[PDB]
Amino acid sequence: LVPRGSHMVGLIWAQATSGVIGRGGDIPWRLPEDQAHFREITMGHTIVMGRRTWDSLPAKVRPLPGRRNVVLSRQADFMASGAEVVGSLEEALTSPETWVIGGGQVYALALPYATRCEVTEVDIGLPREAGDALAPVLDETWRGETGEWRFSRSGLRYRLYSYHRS
Ligand SMILES: NC(=O)c1ccc[n+]([C@@H]2O[C@H](COP(=O)([O-])OP(=O)(O)OC[C@H]3O[C@@H](n4cnc5c(N)ncnc54)[C@H](OP(=O)(O)O)[C@@H]3O)[C@@H](O)[C@H]2O)c1
Ligand SMILES: CCc1nc(N)nc(N)c1OCCCOc1ccccc1CCS(=O)(=O)N(C)C
Ligand SMILES: [Br-]
Ligand SMILES: [Br-]
Ligand SMILES: [Br-]
Ligand SMILES: [Br-]
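J.: Just to check I follow, could you spell out the site of ligand 2 for this structure?
T.: Around ligand 2 sit 16 residues in total, of which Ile12, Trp13, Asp26, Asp34 and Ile101 are the nearest. Between ligand 2 and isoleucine 12, the relevant distance is 2.9 Å, taken from a nitrogen atom to a main-chain nitrogen or oxygen of the residue. Interatomic distance of 3.3 Å between a side-chain N/O atom of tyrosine 107 and a nitrogen atom of ligand 2. Contact with the protein chains removes 88% of the 610 Å² of surface that ligand 2 exposes when unbound. For the shell around ligand 2, the secondary-structure elements that each account for two or more residues are β1 (8–16) and α1 (32–42). Among the elements that line the shell around ligand 2, the one with the most residues is α1, at four residues.

J.: Hey, could you run me through the packing of aromatic side chains in this one?
T.: Pairs of aromatic rings are described using the distance from one ring centre to the other and the angle between the two planes. This structure, assessed with the given rule, holds two aromatic pairs. Considering the side-chain rings of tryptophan 13 and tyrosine 107, the 5.4 Å spacing of their centres and the 55 degrees angle between planes classify their relative orientation as tilted. Of the two residues, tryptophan 13 sits in strand β1 while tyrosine 107 sits in helix α3 (residues 104–110), which places them 94 residues apart along the sequence. Exposure class is identical for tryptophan 13 and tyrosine 107. Each is buried. Ring centres of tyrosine 161 and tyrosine 163 lie 6.0 Å apart, and the angle between their planes is 65 degrees; this geometry places the pair in the edge-to-face category.

J.: Sorry, what's going on with the pattern of salt bridges here?
T.: Pairing of side chains with opposite charge becomes possible as their charged atoms draw close. Evaluated as defined, the whole model comprises eight salt bridges. A salt bridge links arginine 51 to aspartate 55; the shortest N-O distance between them is 2.8 Å. Highlighted residues: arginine 51 and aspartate 55, both in helix α2 (residues 51–56), separated by four residues, approximately one helical turn. A salt bridge links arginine 159 to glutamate 121; the shortest N-O distance between them is 2.8 Å. A residue pair is termed long-range when its members are at least 10 positions apart, and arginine 159 in strand β11 (residues 157–164) and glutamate 121 in strand β7 (residues 116–122) qualify at 38 residues.

J.: Help me understand the pairing of strand β6 (residues 97–100) in this model?
T.: Remark: a regular strand shows side chains that alternate across the two faces of the sheet. Alternating residues of β6 divide into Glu97 and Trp99 and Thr98 and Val100, and every residue in both groups is buried. Alignment of β1 against β6, held across four bridges, turns out to be parallel. Bridging from a neighbouring strand, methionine 8 pairs with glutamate 97 of β6.

J.: Whenever I open this one, the nonpolar core confuses me. Can you help?
T.: Nonpolar side chains in soluble globular proteins generally cluster together in the buried interior. In this structure, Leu11, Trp13, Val48, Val100 and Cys117 are the most contacted members of the largest nonpolar core, which totals 22 residues. Beyond its immediate stretch of four places on either side in the chain, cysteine 117 contacts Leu11, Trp13, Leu111, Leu138, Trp142, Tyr161, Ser162 and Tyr163. Membership of the second largest hydrophobic core comes to 12 residues, among which are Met8, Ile47, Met49 and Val71.

J.: Can you help me understand the UniProt feature "binding site: substrate" in the protein in this one?
T.: Using the residue numbers shown here, the UniProt feature "binding site: substrate" corresponds to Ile12, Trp13, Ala14, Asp34, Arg39, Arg67, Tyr107 and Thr120. Note that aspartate 34 resides in helix α1. Overall, the relative accessible area of 14% leaves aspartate 34 in the buried class. Beyond its immediate stretch of four places on either side in the chain, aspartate 34 contacts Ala14 and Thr120. The residues touching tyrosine 107, leaving out its near neighbours within four places in the chain, are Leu11, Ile12, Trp13, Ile21, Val100, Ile101, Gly102 and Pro136. Side-chain polar atoms of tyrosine 107 contact the backbone oxygen of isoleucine 12, separated by 2.7 Å.

Parameters and conventions
- Residues numbered from 1 in each chain as written, not as in the entry; some residues may be left out.
- Chains lettered and ligands numbered in written order.
- Heavy atoms only, no water.
- Residues with missing side-chain atoms left out of burial classes, pairs and counts.
- Near = heavy atom within 4 Å.
- Polar contact = N/O pair within 3.5 Å; in protein donor to acceptor, adjacent residues only side chain to side chain.
- Areas by Shrake-Rupley, 256 points an atom, 1.4 Å probe, with all protein chains shown as cover.
- Helix = DSSP H or I, 4+ residues; strand = E, 2+ residues; numbered from the N terminus.
- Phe/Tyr/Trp six-rings, centres within 6.5 Å; stacked < 30°, edge-to-face > 60°.
- Buried < 20%, exposed > 50% of the residue type's maximum accessible area, 1.4 Å probe, protein only.
- Salt bridge = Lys/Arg side-chain N within 4 Å of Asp/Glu carboxyl O.
- Pairing = 2+ DSSP bridges.
- Core = buried A, V, L, I, M, F, W, Y, C linked by side-chain atoms within 4.5 Å.
- Contact = heavy atoms within 4.5 Å.
- UniProt positions renumbered as here; feature names shortened; annotations may be inferred.

Given below as structure tokens:
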């Protein structure tokens, strides 16, 4: 439960075991169960994304429905119809509940304010490569539960972590 006067900042991402979350401006796998999970967590809340993550969303679909979409960019004239564009992270974090939904740069910026991380680990052995977007590594202040590996319908194995801190 979030009191309406507070500011709960959460991060939600899917990563390969290695930490890779993005490559060539795309997520380098597809996992429908994780798409559904991402919706269940974020629906009804503000979502904050960096400009490159906005670009990675299909044009017809963005802004993602049922959520207040916020795009972080330093480009004053950036066009993101249906979203709002802000030039600093702190300006993006005024709602009672906010989910930061990527990418690599914006997770790293937001982590100091965050008290929840909802992580999907994908059992794909993509090694970290030059130019990849990477997930944060959570330090010892973060704690929580680790789910069991399961086969998705597609065959790709995954497990869910729900972590938090004070
Ligand atoms: N697997 C997952 O869960 C997941 C989720 C989301 C995204 N992704 C992937 O991650 C990749 C994108 O990540 P990324 O790290 O390259 O980019 P990003 O974090 O999505 O976006 C970076 C952009 O955000 C803006 N920005 C960054 N810091 C800022 C600040 N302090 N103030 C204002 N604006 C700021 C800048 O926009 P301007 O250049 O316009 O100024 C910057 O170029 C893609 O491959 C995407 O598909 C993966
Ligand atoms: C489902 C991926 C995902 N999962 C987790 N757990 N956290 C994230 N932040 C997260 O990213 C959501 C925002 C980026 O979405 C992208 C980006 C590039 C390529 C594909 C997708 C999937 C979009 S979607 O299928 O879910 N949809 C139509 C909006
Ligand atoms: Br990338
Ligand atoms: Br996906
Ligand atoms: Br959607
Ligand atoms: Br499937």
